[PDB]
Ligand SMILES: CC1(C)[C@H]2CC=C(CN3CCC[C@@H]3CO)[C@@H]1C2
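Here you get one chain, nothing else, as structure tokens; it is the form deposited without the named molecule.
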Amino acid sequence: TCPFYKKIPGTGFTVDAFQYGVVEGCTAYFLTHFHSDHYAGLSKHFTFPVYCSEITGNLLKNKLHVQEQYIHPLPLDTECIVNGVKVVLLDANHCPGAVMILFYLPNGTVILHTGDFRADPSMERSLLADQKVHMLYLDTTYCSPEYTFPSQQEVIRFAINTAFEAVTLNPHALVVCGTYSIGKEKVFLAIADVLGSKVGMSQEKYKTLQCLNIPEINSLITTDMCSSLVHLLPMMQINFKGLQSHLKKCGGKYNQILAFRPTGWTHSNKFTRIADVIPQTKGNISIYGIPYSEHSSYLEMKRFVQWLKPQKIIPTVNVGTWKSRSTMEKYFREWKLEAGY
């Protein structure tokens, strides 16, 4: 049974609610982005209308084989009428195709659902700026002050410099990058670009990347592993055993691997600066954990909400424990008292 925080009151609409069978009274299913916890339940046999971004729509058609007649893509930043209700999709600064949704209820209530997002000051000059929002359904993944991490730019600067240094010292080093979903493609694209290489990967992963409307992508990726010195592998293979084994397969083309694991937050963020990150090393294999986040830090979240001044906040993440729920409610009250809404 669908939880309340996936339902939009005064509408026939649900958000990210495909794993509960037929939801009673749902005339339109919204999908914010193509991550498995959110799409869980969709397949080629799904027969209700789905509303989503153009990029999410390409992934549904090609990867899950949802039939075209049930896929309803909408443009960003554009007022649209769905089942007699005005909606806008806004960029969520998460993974490709991820959106926030504005719902203009027939009784005058305005509702923002962030999906998953990384709040940014640029959102303060989207179509959000033009009217009041009464309720906010908020991605609260990292809603606690211990969650700090650098900007995406700083992390990408660290990665490029690390990779370029290593491969200039040893032209026979291979760079490997882990992945398990869409997102964070800048990591491996930036590295391949500084090295003058294409990124090599499986056919399944090539196919996924072909769905994402990325400019000049045919210039950046390939299924020919032999011609590439940046390889993508499943995240589970990013460990000493997995990498040794992969190095065997390259035919003595390479004698060293440098591997990256983009995580989100990890506790070494409470002590160490990005500049000071060091890898774990076993022989000719080195492995870096890098804190590349596609979710808000605590401070980015707080700033967005204090700018938005919502009347009510409904968390969509960490909702399962009384301790999490009590923690979150305390921060929302702090923010309110400090900003005076």
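Residue positions are given as counts along the sequence shown, with the first one as 1. Think of the rigid core as the biggest set of C-alphas that the two forms share within 1.5 Å after superposition.
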Between 236-244 and 210-218, pick out the one whose C-alpha positions differ more from the shown form in 9 other deposited structures of this protein, using the rigid core for superposition.
210-218
According to the deposited model, is the average Cα temperature factor higher in 127-135 or in 157-165?
127-135
Given 204-212 and 241-249, the range whose Cα B-factors average higher in the PDB entry:
241-249
Between 70, 288, 292, 304, let me know which has the highest C-alpha B-factor in the entry?
70
Would you check the entry's CA temperature factor for residue 149 and let me know if it's in the chain's lowest, middle or highest third?
middle
Based on the entry's values, in what third of the chain does the Cα temperature factor of residue 310 lie: lowest, middle or highest?
lowest
Quick check on the deposited entry: does the C-alpha B-factor of residue 141 sit in the lowest, middle or highest third of its chain?
lowest
Ranked by Cα temperature factor within the chain, is residue 225 in the lowest third, the middle third or the highest third?
highest
Relative to the other modelled residues of the same chain, rank the CA B-factor of residue 39 and answer lowest, middle or highest third.
middle
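Keep in mind the form solved in complex with the named molecule is missing from the figure; the text below concerns it.
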Which residue, 143, 99, 163, 192, is the contact with the named molecule in the deposited bound form, using a 4.5 Å heavy atom cutoff?
143
Counting only heavy atoms and a 4.5 Å cutoff, which of 144-152, 192-200, 79-87, 226-234 contacts the named molecule in the deposited bound form?
144-152
The named molecule in the deposited bound form - contacting residues of 286-322, heavy atom within 4.5 Å
318
